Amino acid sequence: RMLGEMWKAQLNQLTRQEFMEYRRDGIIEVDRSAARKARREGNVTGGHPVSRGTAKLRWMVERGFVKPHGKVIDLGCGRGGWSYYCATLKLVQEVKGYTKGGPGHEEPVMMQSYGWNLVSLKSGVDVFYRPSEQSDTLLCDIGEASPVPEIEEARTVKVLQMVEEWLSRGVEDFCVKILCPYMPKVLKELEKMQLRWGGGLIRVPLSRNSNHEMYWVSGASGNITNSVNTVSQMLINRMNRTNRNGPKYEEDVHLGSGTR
């Protein structure tokens, strides 16, 4: 058994009060109070990201793990945090985002962040049955949590099988959420996809301790098993501390306004 399986089992055994004290202990968290207000007041020009996802992709882009450029396709775009962020980037020319929407799913939000006119978000799209398209940059942020690791395993494998089809359509840069990177079917599939397409797995420190999500990104490298175990050991070490401090707060991304 991978160390991550022990982590998931230990996580599920926490009391609710332990879980709540653990999930954000020592992580980085952007202050979203101003953005949440702007969403309630319909402020689309203040530069506030539509979701917490913008800060996560910004973290990866600023360290060179992915380099959005040209035509960007954003699979599972939700409200559009990754898509609007990419449209602010100089090398990016066009952004197409697809998301399922509907009951219990996030709907695309229309924003006027810098470059908004380059962004087309389409709701009502199940990407698992959508024909693939050409892109220069492929992003995918799909993976619904479950307390059952085999369910997270199956969901992650489906994303990987879907992104295999899209990666063969001319993709130069990519960033794909790996919801459950420690289970055997995911590790087997990731290793084959790393052999074919390269890249490596990274942990964004804005990810909460209540998940083991990692990102398979074209600008990273390194042994996948080692990368996963490193995360698992860090998450277990955090779980086994009693003196909790909550998150380290940082400033959210500013996306500006105006057309490009």
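Just count from 1 along the sequence shown to find any residue number.
In this entry, 164-172 shows the higher mean Cα temperature factor of the pair 132-140 and 164-172. As the entry records it, the average C-alpha temperature factor is higher for 235-243, out of 8-16 and 235-243.
Across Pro181, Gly76, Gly101, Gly81, the entry's maximum B-factor at the CA atom is seen for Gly101. Which of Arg32, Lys67, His212, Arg196 has the largest Cα B-factor in the deposited entry comes down to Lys67. Per-chain ranking of the deposited C-alpha B factor places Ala38 in the highest third. Placement of the Cα temperature factor of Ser51 within the chain: middle third of the modelled residues, per the deposited record. Per-chain ranking of the deposited C-alpha B factor places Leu91 in the highest third. The PDB entry assigns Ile151 a C-alpha temperature factor belonging to the lowest third of its chain's modelled residues. In the deposited entry, the Cα temperature factor of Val159 places it in the middle third of its chain's modelled residues.
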